[PDB]
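>>> This is the structure alone, sequence omitted:
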RNA sequence: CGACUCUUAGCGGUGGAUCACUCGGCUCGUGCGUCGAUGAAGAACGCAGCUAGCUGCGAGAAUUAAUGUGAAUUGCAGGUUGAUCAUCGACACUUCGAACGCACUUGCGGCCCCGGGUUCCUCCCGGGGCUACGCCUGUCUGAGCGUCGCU
RNA sequence: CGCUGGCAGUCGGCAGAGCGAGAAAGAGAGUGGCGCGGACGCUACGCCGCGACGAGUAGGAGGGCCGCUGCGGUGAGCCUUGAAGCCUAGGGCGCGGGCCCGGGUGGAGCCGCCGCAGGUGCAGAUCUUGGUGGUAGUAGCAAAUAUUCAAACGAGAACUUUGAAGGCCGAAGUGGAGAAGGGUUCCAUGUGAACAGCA
RNA sequence: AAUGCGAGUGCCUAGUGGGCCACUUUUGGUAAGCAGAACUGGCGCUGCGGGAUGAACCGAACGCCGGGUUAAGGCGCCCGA
RNA sequence: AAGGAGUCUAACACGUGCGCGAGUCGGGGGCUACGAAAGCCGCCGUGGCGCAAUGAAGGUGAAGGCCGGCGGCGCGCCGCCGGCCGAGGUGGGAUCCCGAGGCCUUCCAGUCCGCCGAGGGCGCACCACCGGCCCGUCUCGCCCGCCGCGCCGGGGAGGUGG
RNA sequence: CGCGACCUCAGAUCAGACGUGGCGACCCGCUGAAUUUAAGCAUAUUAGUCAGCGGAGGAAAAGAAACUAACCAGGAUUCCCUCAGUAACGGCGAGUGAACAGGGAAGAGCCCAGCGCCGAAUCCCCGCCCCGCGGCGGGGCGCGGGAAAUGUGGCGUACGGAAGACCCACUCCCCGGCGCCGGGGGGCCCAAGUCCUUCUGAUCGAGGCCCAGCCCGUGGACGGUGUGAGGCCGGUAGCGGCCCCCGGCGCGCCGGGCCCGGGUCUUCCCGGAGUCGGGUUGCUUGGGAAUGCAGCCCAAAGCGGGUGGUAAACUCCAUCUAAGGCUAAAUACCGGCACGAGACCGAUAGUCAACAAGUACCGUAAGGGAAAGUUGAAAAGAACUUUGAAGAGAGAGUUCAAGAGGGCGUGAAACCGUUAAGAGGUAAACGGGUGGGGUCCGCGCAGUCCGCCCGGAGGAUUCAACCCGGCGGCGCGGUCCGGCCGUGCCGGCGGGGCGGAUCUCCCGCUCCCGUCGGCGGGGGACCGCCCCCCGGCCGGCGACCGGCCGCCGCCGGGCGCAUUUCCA
Ligand SMILES: [Mg+2]
Ligand SMILES: [Mg+2]
Ligand SMILES: [Mg+2]
Ligand SMILES: [Mg+2]
Ligand SMILES: [Mg+2]
Ligand SMILES: [Mg+2]
Ligand SMILES: [Mg+2]
Ligand SMILES: [Mg+2]
Ligand SMILES: [Mg+2]
Ligand SMILES: [Mg+2]
Ligand SMILES: [Mg+2]
Ligand SMILES: [Mg+2]
Ligand SMILES: [Mg+2]
Ligand SMILES: [Mg+2]
Ligand SMILES: [Mg+2]
Ligand SMILES: [Mg+2]
Ligand SMILES: [Mg+2]
Ligand SMILES: [Mg+2]
Ligand SMILES: [Mg+2]
Ligand SMILES: [Mg+2]
Ligand SMILES: [Mg+2]
Ligand SMILES: [Mg+2]
Ligand SMILES: [Mg+2]
Ligand SMILES: [Mg+2]
Ligand SMILES: [Mg+2]
Ligand SMILES: [Mg+2]
Ligand SMILES: [Mg+2]
Ligand SMILES: [Mg+2]
Ligand SMILES: [Mg+2]
Ligand SMILES: [Mg+2]
Ligand SMILES: [Mg+2]
Ligand SMILES: [Mg+2]
Ligand SMILES: [Mg+2]
Ligand SMILES: [Mg+2]
Ligand SMILES: [Mg+2]
Ligand SMILES: [Mg+2]
Ligand SMILES: [Mg+2]
Ligand SMILES: [Mg+2]
Ligand SMILES: [Mg+2]
Ligand SMILES: [Mg+2]
Ligand SMILES: [Mg+2]
Ligand SMILES: [Mg+2]
Ligand SMILES: [Mg+2]
Ligand SMILES: [Mg+2]
Ligand SMILES: [Mg+2]
Ligand SMILES: [Mg+2]
Ligand SMILES: [Mg+2]
Ligand SMILES: [Mg+2]
Ligand SMILES: [Mg+2]
Ligand SMILES: [Mg+2]
Ligand SMILES: [Mg+2]
Ligand SMILES: [Mg+2]
Ligand SMILES: [Mg+2]
Ligand SMILES: [Mg+2]
Ligand SMILES: [Mg+2]
Ligand SMILES: [Mg+2]
Ligand SMILES: [Mg+2]
Ligand SMILES: [Mg+2]
Ligand SMILES: [Mg+2]
Ligand SMILES: [Mg+2]
Ligand SMILES: [Mg+2]
Ligand SMILES: [Mg+2]
Ligand SMILES: [Mg+2]
Ligand SMILES: [Mg+2]
Ligand SMILES: [Mg+2]
């Protein structure tokens, strides 16, 4: 029976909700597990960055967010083709690639091309054979100063 | 303070593992201190007690300057029977009064091939700790 | 357990049979036969409103109030009467913001810590902790809370070069980093005024963590010290000031008790 | 005064409350996350010097071997080249059970190989190995007035 | 309950001790004609003074230095020179909830204060479980004709055993054998604790 | 105009929603300790003195006490007078 | 004798305490024995709620007044460019401001510090009312704009619904 | 007639393999209610939930768009926050109820069929030789056997691909052994009091341990030991040690494979059918002229098809490529193994089960299902004497204690026995008021002290005042010298850090010819605040003072020799 004044409330507690109750008492336990897995991965890829491959400059759709910019899934094949990077070799040097992306504009395309060029200038590439250097790789003075990057590679700022 | 996450501080768990310990664990549990004459000679503070050890009581009714051979090491009630610590029953038959090994101090060890090795292991591991401190 | 008191199969005998209509255990040649199964009043059975795991155990407190309580607990530790009323034996302590030098962090033996606490005249608090070590009262002894004592002085350090190992075996001594100050250890029991021993590298970062009233905190994003509701709090000196005293009426301190009415007739 | 009855106290019974203990639960969290035709889970029946239950084990039956440890087990007897415990990687593991020769009475077989019997002559007895269903690949033996080719 | 009353003025030899009185306002400043002394107070969430008032079901609110259990602090708390619990024709306090001492019993832990938390207070629910009364040494040990004498064993005999009687079942039996079911109840010896509603 | 009294205002809100009795007015009914209304007071929710007894009648409403005096009733004895 | 019955979670309302304040909140994530705690992040404030309402919706979206010059209507109005003033008023209203005069010691003038006070004011919050503005809708109407001169867009006055 | 192929189909205790069943907390595929709510009830709600059935794994499932969107566009799946109790569904009642965008946790992509080109270039099995040999593999032979042209393998898959030619560029990828180089499991061990007095039945209690403040402490967690132990013992701490086993991370070598790419033109090729889709029926969904699924009927196309949240026609757009397949992680876990912890319960509680508990017992059965902890520190568990047939006693003895005597810690209430006291014909009990008798208490039975003064008997190493030294208080020392602070204020031929939606030499990259314009990036200037040095006042030192000086107070030591002062 309703009281004098109040809301008409519709609580969704008419099923057997007490069977499917999810408690969060293992939340500080899963945070430590995720942190230990993150640090184990970061030690497994020792000079590679801990965040992973570099993500491209991406506009957001759906007019509430069309002014912001974001990290996307991968660089498009048009962007890699203009930058001069083969699509099956880009994933070996930490460039994230997805083939689904299109390039409607020119300004975002050239921005991601410049993004690829500046990452390629910053890439310190170790020889495939450690005892013998190769042609397209870094010299020995840069490998001894090569460290591990923390956080996202070339962070995206509005 | 204990920092090992795999060692328990639970009272019931420690009481359970103590009172349901296997016999070779009860041997290490039922250890006795050495006298100060043997301590300076062997550099060993305590040893597990054996059957043929001469030992001296320091606590209870039977404490004094008397030294007795262990009659037996009855590890089921966590206790030893020593040579002259005994009690007359009603009928006149004497039975051994049990003393805990922690309330009794060894004045003479029974030296076997293994118990020399135990003293040497304890002495080496004490001198490694002394060298680590120094 | 949610199955407690409900693992039985039982149905009420109903009216008739001169029994009180409670559910009863089905059949059998045993003691548990028509014996009363469900309900809070019955032996065995299920309790009234069984406790559930999804009770709100945790509370969240606003960050500004947590910092405000940290500031109030820290400012109360530099006052004499408030640390005396916490019971800490500090009658021979030379200064109440007890600040020591930075070689204290390089201590690695507890003998150095004990000797430092004796030279700072703080060892009488550890003696009071030793005198206050006793057994607990009640059911906490069989729930791994058998021995209780008194919280002693708190030692605050900037960097750890062995000071936690040097001090951690002394009963009552707790160690807190400057950047990780805990209200639960700065004011144990909810009462302000715990005795604190600082180092100078510890003492020179409080103006960086909290700021003054004109310079904001540099290690926090945007935190200032809270404002005072009342600047001069010594209302005795406020009240017997000539500014206030001239603008008062005369005090009417004469007691006029009741008059016994005599009959004039 | 006495019997009986009522009240209170002392002491004694009946009863097992209260309190103090706790090798037990409940809840939360972590790591691992592994059964079976090479016979699982479950069940039955046995096994100890004196042994009913519980526990452990399987005719090698409160255990064998190996390794670690190092002088006991124990309620009573009996007897360091390693007693007892723990680990367990070797060996062993009765009957029913998906349960497997046919059935479920603990009944009836069939084939092969051995030992007594006999002196390969089949009987009889004892022992051992095979003998379930479905299905995959291959083999062997076949069927068809199925489609043909040739004598 | 109201006076949304009064008291920071304990203003002391750096002193002058007051604001109850019918009549808005200052015991105001300047400018010219010896003896070293003086109770209590004020946990201001405290203390003090005047009046008026006091019923209570359902119900609502406030205060509990009322009570139980556990946690964070705190009593340089209590304790084998005796804790908890229990008993008491003992001494008391509080309107009350309740509490503190004395004696005895007992043998190992317990409490006060400031906060926190709850599975936190019983006279009832034909409440649950366990225990015990009156009834009450009462109802009752009454279906199927019946027992008696002597002896033995034994601490003990109406009931056991043996003998002598008197009886019954009276061949569709109170006889002699099986099936189902039972599972050692069969047989020998010993016991008389418990059972065989007397023994 | 007299008399008397400090008022005004806003939220949240339990319980209740079977009633009954009496003077007067009054409907149906032969009538009812019957059924149904109006007004006010009670009982319910409330003890106390009296009506011997007593939900409602008369008096009077209640913190724990001492002294005095009354109300409604009473003052042969029970039983104060 | 013992056990024994308004509990826990979620949602909402109102009151109360705290912190910050047109903002506030890390609850999710990440960094770095008690501690599964505490601390920190600010280009982790995404996001929630509040700061703007109204209409079914397309949509729209919260003072004006005076003066000078110009154009039109026949001294006022409308439209058009420049200047200045500017967030309403009436009544009640705690508090606060001024002060005619006065608060004694022998007697008058006589400055400063206070205290009271006739009368007069600025008026907090809040209430009643009258106006004003925003959105929907109705009625009466005359005008202004240009890139598309139009079944275009924008405005005025008077009621009324939120 | 016979013989030989192929097809289709049989039988074998043929040779070699595989499946069955269990558990099932979490997962996948079906099937599937009614209690209940709607204050009735039938649609709805309960709820795609309980029950039923099948199938797995350490996770499962899902998963690299026939997608979201309508934007300046994003870009596999799974999970968290928010969207959101919203759009929407609903006797539009009760109630039900998503998705996108955004922020994160994690992040990984791929392979066929077709279409084509390569001498079937491919795969399986048996015999022998040597090696590996405890997850049955490697090379070498076999005029050995099969599978496969009704299509195996290599290239190749929607992100395009293939082939030829032109150019540029590759000499190092994978696995298996041999042997060598620095996390997990197990075993053993490592500090310091039984030091002196003292309580006890026993101490782990209490007191002390000098100037190494008893000793150790990277060890003061816990447990045991005759109460309550850092130092008696096991342990605990420690990037502590020693000894085995397994695995990972690497190097050298042998036997093998693989004999490889990128770019611009040119010529070719390119897709999954009783499936999409349509009608209808039934279930389902928030999905509403039909969200998904399924039965029946109809039944495709290739500038095609699907989607574009209102049915339909026309016309543009946008976006994917269905009808084939694989894939870790973040996520779930009341079952199992092994652990740790607790503001939980403390034997009528907590699991039914602290104990010979799914046991005893009941029911033909499916099933139902208890009760039940405590001697003592140590059995030292009561020898022996005596009565009785014995159970039972009486002595004696043990123990600190039998007032702990084998269901024995503490031992309440109800109920009963006895002793003592009091009482008794209106059942008992009760409230108020006294009285009497008891039991104990007041450790009652000559009755309170305190201050001042006077009087009388005494006794001190004694008063005031002065001297010296120390300490404290106050000081408008009108304004003494020196410091410190200021949620104080101004200045500067001052040095610096944060912030700004105040402005502007080199540098990356970009359009047009080393020239010439926009934009990503460090200075540099400006402004605000703060910090540190300088001068000035102001104000404080009562949350925050030092030295001299002055006054006062107190202490200690002198001097005071007693008409002072004090003591009983
Ligand atoms: Mg209501
Ligand atoms: Mg229960
Ligand atoms: Mg208690
Ligand atoms: Mg009695
Ligand atoms: Mg047996
Ligand atoms: Mg062996
Ligand atoms: Mg061995
Ligand atoms: Mg048969
Ligand atoms: Mg009242
Ligand atoms: Mg009593
Ligand atoms: Mg509780
Ligand atoms: Mg009761
Ligand atoms: Mg009778
Ligand atoms: Mg017979
Ligand atoms: Mg017969
Ligand atoms: Mg009998
Ligand atoms: Mg009536
Ligand atoms: Mg009333
Ligand atoms: Mg009345
Ligand atoms: Mg009458
Ligand atoms: Mg009276
Ligand atoms: Mg009368
Ligand atoms: Mg109770
Ligand atoms: Mg509020
Ligand atoms: Mg075969
Ligand atoms: Mg279905
Ligand atoms: Mg209904
Ligand atoms: Mg109903
Ligand atoms: Mg119904
Ligand atoms: Mg199910
Ligand atoms: Mg299966
Ligand atoms: Mg498995
Ligand atoms: Mg999978
Ligand atoms: Mg998505
Ligand atoms: Mg919302
Ligand atoms: Mg309707
Ligand atoms: Mg639904
Ligand atoms: Mg999304
Ligand atoms: Mg991320
Ligand atoms: Mg092919
Ligand atoms: Mg694709
Ligand atoms: Mg102990
Ligand atoms: Mg001591
Ligand atoms: Mg200890
Ligand atoms: Mg000590
Ligand atoms: Mg030790
Ligand atoms: Mg040790
Ligand atoms: Mg260790
Ligand atoms: Mg389909
Ligand atoms: Mg259905
Ligand atoms: Mg439905
Ligand atoms: Mg369209
Ligand atoms: Mg449409
Ligand atoms: Mg596909
Ligand atoms: Mg697919
Ligand atoms: Mg798949
Ligand atoms: Mg923990
Ligand atoms: Mg139980
Ligand atoms: Mg109990
Ligand atoms: Mg007991
Ligand atoms: Mg005793
Ligand atoms: Mg006892
Ligand atoms: Mg005890
Ligand atoms: Mg007892
Ligand atoms: Mg009597």
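Yes, it's here. Numbers count the residues shown, from 1 in each chain, chains lettered A, B, ... in the order given. Ligands and ions are numbered 1, 2, ... in the order given.
>>> rest of the way, CA atoms for contacts and neighbours
Noted.
>>> All the strands of chain B, in order from the start?
Taking DSSP state E, the strands of chain B run over residues B:31-33, B:46-48, B:54-57, B:67-74, B:79-88, B:94-99, B:104-108.
>>> separation between residue C:141 and residue C:228?
46 Å (C-alpha to C-alpha, to the nearest Å).
>>> How many neighbouring residues does residue A:145 have?
9 (other C-alpha atoms under 10 Å in any protein chain shown).
>>> ok, which residues in chain B are in contact with RNA strand D?
B:11-13, B:15-16, B:19-20, B:22-25, B:48-52, B:72-76, B:112-115, B:118 (C-alpha under 7 Å from any atom of the strand).
>>> Among those residues, name the buried ones.
B:48, B:49, B:50, B:51, B:52, B:72, B:73 (16 or more other C-alpha atoms under 10 Å in any protein chain shown).
>>> residues contacting the fourth one?
By C-alpha atoms under 8 Å, 6 or more residues apart in numbering or on different chains, the contact set of residue B:51 is B:70, B:71, B:72, B:73.
>>> for the first one, same thing?
With contact taken as C-alpha under 8 Å, 6+ apart, residue B:48 is in contact with B:27, B:28, B:29, B:30, B:31, B:32.
>>> ok, these vs residue C:4, which is closest?
Proximity of the contacts of residue B:48 to residue C:4, judged by C-alpha to C-alpha, is greatest for residue B:29, which lies at 40.5 Å.
>>> Give the closest residue to that closest one in space, chain neighbours not counted.
Using C-alpha to C-alpha, 6 or more residues apart in numbering or on different chains and skipping residues adjacent in sequence, the residue nearest residue B:29 is residue B:48, 7.7 Å away.
>>> Next one: that neighbour from ligand 2, what distance?
Per C-alpha to the ion, to the nearest Å, residue B:48 is found 47 Å from ligand 2.
>>> Over to residue C:4?
Noted for residue C:4: a distance of 6 Å to ligand 2, by C-alpha to the ion.
>>> ok, that residue - how many residues close by?
12.
>>> Am I right that it sits in a helix?
No. Under DSSP: H, G, I helix; E, B strand; the rest coil, residue C:4 sits outside any helix and is assigned coil.
>>> Might one say that it is in contact with residue C:45?
Yes. Counting by C-alpha atoms under 8 Å, residue C:45 is a contact partner of residue C:4 at 7.2 Å.
>>> Which part of chain C gets nearest to chain B, residue-wise?
Nearest residue of chain C to chain B: residue C:144, at 6.2 Å (C-alpha to the nearest C-alpha).
>>> got the contact list for the residue nearest to the spatial centre of chain A?
The centroid of chain A falls nearest to residue A:55 when counting by C-alpha atoms, centre = their mean (5.2 Å). Shown in contact with residue A:55 (C-alpha under 8 Å, 6+ apart): A:71, A:72, A:73, A:74, A:75, A:95, A:96, A:153.
>>> and which of these is nearest to residue C:25?
residue A:73 (64.3 Å).
>>> what are the ranges of the strands in chain C?
Using DSSP E, strands in chain C cover C:10-12, C:23-25, C:98-100, C:134-135, C:147-148, C:154-157, C:174-177, C:196-199.
>>> Sheet partners, orientation included, of the fourth one?
Its sheet considered, strand C:134-135 pairs with strand C:147-148 (antiparallel) by DSSP bridges.
>>> What is the neighbour count of residue 107?
Using chain A. 10.
>>> nope, chain B please
As a burial measure, residue B:107 scores 18 neighbours (other C-alpha under 10 Å).
>>> ok, which residues in chain A are in contact with RNA strand G?
Checking chain A against RNA strand G by C-alpha under 7 Å from any atom of the strand, the hits are A:5-7, A:9, A:11, A:24-29, A:31, A:34-35, A:38-39, A:156-158.
>>> Could you find the residue in chain B that comes nearest to RNA strand E?
Using C-alpha to the nearest atom of the strand, the single residue of chain B nearest to RNA strand E is residue B:11, 13.0 Å away.
>>> which of the residues in stretch C:121-138 are buried?
Buried, per 16+ other C-alpha under 10 Å, within stretch C:121-138: C:121, C:122, C:123, C:124, C:125, C:126, C:128, C:129, C:130.
>>> before we move on, back to that, go through the contacts of residue A:55 and flag which are in strands.
residue A:71.
>>> Could you identify which of the contacts of residue A:55 has the most neighbours?
residue A:75 (28 neighbours).
>>> For it, give me its contacts.
A:55, A:56, A:95, A:96, A:97, A:98, A:101, A:112.
>>> how near is the residue lying closest to the fourth one once chain neighbours are set aside to residue A:149?
Using C-alpha to C-alpha, 6+ apart and skipping the chain neighbours, the partner closest in space to residue A:96 is residue A:74 (4.6 Å). Residue A:74 is 19 Å from residue A:149, where distance means C-alpha to C-alpha.
>>> Residue A:43 belongs to a helix, doesn't it?
Yes. Assigned with three-state DSSP, residue A:43 falls within a helix.
>>> which helix of chain C spans the most residues?
Longest helix of chain C, by residue count under DSSP state H: helix C:63-75.
>>> near RNA strand G, which residues of the stretch 1-150 of chain C show up?
For the stretch 1-150 of chain C, the residues in contact with RNA strand G (C-alpha under 7 Å from any atom of the strand) are C:40-43, C:47-49, C:51-52, C:54-57, C:60-68.
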